[PDB]
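J.: Have a look at this one.
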Amino acid sequence: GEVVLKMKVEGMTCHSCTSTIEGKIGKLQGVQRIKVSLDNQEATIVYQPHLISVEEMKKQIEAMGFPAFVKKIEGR
């Protein structure tokens with residue numbers, strides 16, 4: 001079963017960079033689900049530390065241009 005992560009998605013500040021990110025990031029190795037809340041300026045992804053390096057997940061978003069950040073991480 002997967003592990004939850006919560007990420008910060010600062011910089012966008014406009015309700016027009018969710019579904020793109022969600023859908024796109026949906027192809028990333030290790031991701032199982034995504035929910036982006038531009039409202040909250042925050043997002044919740046579910047993945048496992050096998051196909052992704054935990055942080056890489058966020059860094060892919062940083063790579064889009066918008067400086068994001070890591071709030072939560074994998075654990076149990």
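If you're wondering about the labels, chains in the structure tokens are A, B, ... by order shown, residues count from 1 in each chain, ligands from 1 in order shown.
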Excluding residue A:8 and any residue of its chain fewer than 4 positions from it, enumerate the residues within 7 Å of it, using only C-alpha atoms, and give them as a PyMOL selection string.
T.: chain A and resi 41-43+68-71
J.: Could you take the residues named above and write them with N, CA, C and O atoms, as an mmCIF file, in the first residue's frame?
T.:
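Generated output (result20.cif):
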```
data_model
loop_
_atom_site.group_PDB
_atom_site.id
_atom_site.type_symbol
_atom_site.label_atom_id
_atom_site.label_comp_id
_atom_site.auth_asym_id
_atom_site.auth_seq_id
_atom_site.Cartn_x
_atom_site.Cartn_y
_atom_site.Cartn_z
ATOM 1 N N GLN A 41 -2.638 26.428 -1.439
ATOM 2 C CA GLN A 41 -1.281 26.626 -1.950
ATOM 3 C C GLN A 41 -0.433 25.394 -1.637
ATOM 4 O O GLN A 41 0.790 25.442 -1.506
ATOM 5 N N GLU A 42 -1.137 24.279 -1.474
ATOM 6 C CA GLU A 42 -0.626 23.044 -0.904
ATOM 7 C C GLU A 42 -1.246 21.865 -1.654
ATOM 8 O O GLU A 42 -2.276 22.007 -2.314
ATOM 9 N N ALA A 43 -0.597 20.705 -1.604
ATOM 10 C CA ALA A 43 -0.978 19.557 -2.410
ATOM 11 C C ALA A 43 -0.609 18.279 -1.659
ATOM 12 O O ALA A 43 0.275 18.298 -0.801
ATOM 13 N N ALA A 68 8.555 24.965 -5.376
ATOM 14 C CA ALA A 68 7.692 24.202 -4.495
ATOM 15 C C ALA A 68 8.459 23.904 -3.209
ATOM 16 O O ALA A 68 9.521 24.480 -2.971
ATOM 17 N N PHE A 69 7.937 23.010 -2.367
ATOM 18 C CA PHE A 69 8.626 22.636 -1.141
ATOM 19 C C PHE A 69 8.059 21.349 -0.544
ATOM 20 O O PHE A 69 6.941 20.945 -0.864
ATOM 21 N N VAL A 70 8.838 20.708 0.332
ATOM 22 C CA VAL A 70 8.482 19.474 1.022
ATOM 23 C C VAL A 70 7.973 19.781 2.436
ATOM 24 O O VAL A 70 8.689 20.382 3.231
ATOM 25 N N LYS A 71 6.722 19.413 2.746
ATOM 26 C CA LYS A 71 6.192 19.527 4.105
ATOM 27 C C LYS A 71 6.261 18.187 4.835
ATOM 28 O O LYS A 71 6.873 18.090 5.897
#
```
J.: Residue A:47: which residues within 12 Å, counting only C-alpha atoms, same-chain residues fewer than 4 positions away excluded, as a list in words?
T.: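 The contact residues come out as residues 1, 2, 3, 4, 5, 6, 25, 26, 27, 28, 29, 30, 31, 32, 33, 34, 51, 52, 53, 54, 55, 56, 57, 58, 73, 74 and 75 of chain A.
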J.: Per DSSP on the backbone, what are the strand (DSSP E) residues of stretch 4-74 of chain A, as number ranges by chain?
T.: A: 4-8, 31-37, 42-47, 69-70
J.: What are the DSSP alpha helix (DSSP H) residues of chain A, as a list in words?
T.: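 So the alpha helix (DSSP H) residues in chain A would be residues 19, 20, 21, 22, 23, 24, 25, 56, 57, 58, 59, 60, 61, 62, 63 and 64 of chain A.
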J.: From the set A:46, A:38, A:17, A:9, which residue has the shortest atom-to-atom contact distance to residue A:67, counting only C-alpha atoms?
T.: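 So, comparing all the options, the nearest one is A:9.
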J.: Which residue out of A:20, A:63, A:12, A:72 has the minimum interatomic distance to residue A:45 when only C-alpha atoms are used?
T.: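 Closest to residue A:45, using only C-alpha atoms: A:72.
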J.: Rounded to one decimal, what separation in Å do you get between atom CA of residue A:11 and atom CA of residue A:48?
T.: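 Taking atom CA of residue A:11 and atom CA of residue A:48, their separation equals 26.2 Å.
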